[PDB]
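S.K.: Submitted below is the structure of interest, expressed as structure tokens.
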Amino acid sequence: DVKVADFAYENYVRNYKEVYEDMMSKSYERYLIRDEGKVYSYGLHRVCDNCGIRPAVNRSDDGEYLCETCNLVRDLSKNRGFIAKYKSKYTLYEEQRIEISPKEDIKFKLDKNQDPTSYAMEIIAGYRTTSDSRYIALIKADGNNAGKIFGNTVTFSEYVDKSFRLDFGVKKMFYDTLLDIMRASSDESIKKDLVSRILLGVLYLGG
RNA sequence: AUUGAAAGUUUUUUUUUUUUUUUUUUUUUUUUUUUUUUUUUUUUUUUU
Numbered sequence: 416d417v418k419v420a421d422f423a424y425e426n427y428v429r430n431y432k433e434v435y436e437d438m439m440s441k442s443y444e445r446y447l448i449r450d451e452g453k454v455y456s457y458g459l460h461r462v463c464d465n466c467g468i469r470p471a472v473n474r475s476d477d478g479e480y481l482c483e484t485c486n487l488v489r490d491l492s493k494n495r496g497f498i499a500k501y502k503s504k505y506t507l508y509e510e511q512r513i514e515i516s517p518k519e520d521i522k523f524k525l526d527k528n529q530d531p532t533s534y535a536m537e538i539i540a541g542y543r544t545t546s547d548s549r550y551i552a553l554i555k556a557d558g559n560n561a562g563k564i565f566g567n568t569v570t571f572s573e574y575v576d577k578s579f580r581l582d583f584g585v586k587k588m589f590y591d592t593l594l595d596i597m598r599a600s601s602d603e604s605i606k607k608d609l610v611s612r613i614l615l616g617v618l619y620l621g622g
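As numbered in the deposited numbering, the first sequence has no gaps in its residue numbers, which increase by one up to the final residue, 622.
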């Protein structure tokens, strides 16, 4: 959904509140739609009947659990995604640059015939071996009353500064927490593995 | 005749072991079985 509002004039730049007002005003256009006829498999399962002109739900290597859209997304993610993060080498540039190689830091002993992407959730959880029971936690954070706070902004520059400060401070907090974990006065292998697992278990951070 | 279905949250684990209601505590301290009462009264060592 594309929302466009006038940004600034020749001798005047509008404050964030008015711009957001214009954006929200030009939002009814989203709710206008027209009629279309198609078929999309409910989720990605089974072989429905519906209209039979097209071929059925494509078969999968594991059997029959692959819809076309999910098939395409899986094809896209086969090369890049979590596996790319695992096969990377993150470096923490500080007074002593320290690198992290999950391919060499995770202590999950797997046979060469096993797929790390399949056991990605277990790896992030912390299964050092397949015969391990261990829960994994999810952390979601969000700012408080951000919308009205940005509404009560004197100038657009103030809004930009506040957003930049928020994002950079969030990233700084995460980095400092990682540094604190790194400086734990314990064996470097343990902290390296923990940092690798934490880094792998990140979906999106910022703002 | 629900998009549509058929699966026991089940098996398995003794709230058990250690610990003496025990030590100390004399039913004794005191009190004369005495106290008033005469073994007394009557009777001729004696006759034909």
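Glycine included, each C-beta is placed from N, C-alpha and C at the ideal position.
Do the segment 454-462 and the segment 471-479 make contact, defined as three or more Cβ pairs closer than 8 Å?
M.R.: yes
S.K.: Under 8 Å, with one C-beta from each stretch per pair, do the segment 519-526 and the segment 534-546 reach the 3-pair mark?
M.R.: yes
S.K.: Where residue 578 and residue 432 are concerned, what is the direct C-alpha to C-alpha distance, given to the nearest angstrom?
M.R.: 14 Å
S.K.: For residue 610, which three-state DSSP category applies?
M.R.: The three-state secondary structure of residue 610, taken from DSSP, is helix.
S.K.: Assuming contact is defined by CB atoms lying nearer than 9 Å, are residue 479 and residue 456 in contact in what I supplied?
M.R.: no
S.K.: Applying the 10 Å Cβ sphere with the 16-neighbour rule, what's the burial state of residue 542?
M.R.: buried
S.K.: What did DSSP end up calling residue 483 once you bin it into helix, strand or coil?
M.R.: helix
S.K.: Touching or not, the segment 568-586 and the segment 606-619, by the rule of three or more beta carbon pairs under 8 Å?
M.R.: no
S.K.: Any chance you could list the alpha helix (DSSP H) runs of at least 4 consecutive residues sitting entirely within the segment 513-544, in chain order?
M.R.: Uninterrupted alpha helix (DSSP H) stretches at least 4 residues long and entirely within the segment 513-544 occur at 517-520 and 535-540, given in chain order.
S.K.: Where does residue 580 land, buried or exposed, given buried means 16+ other C-beta within 10 angstroms?
M.R.: exposed
S.K.: Of the residues 564, 477, 447 and 622, which one's Cα is nearest the Cα of residue 555?
M.R.: 622
S.K.: Does the distance from the CB of residue 594 to the CB of residue 509 come in under 9 Å?
M.R.: yes
S.K.: Would you say residue 586 and residue 618 are within 9 Å of each other, going by their C-beta atoms?
M.R.: no
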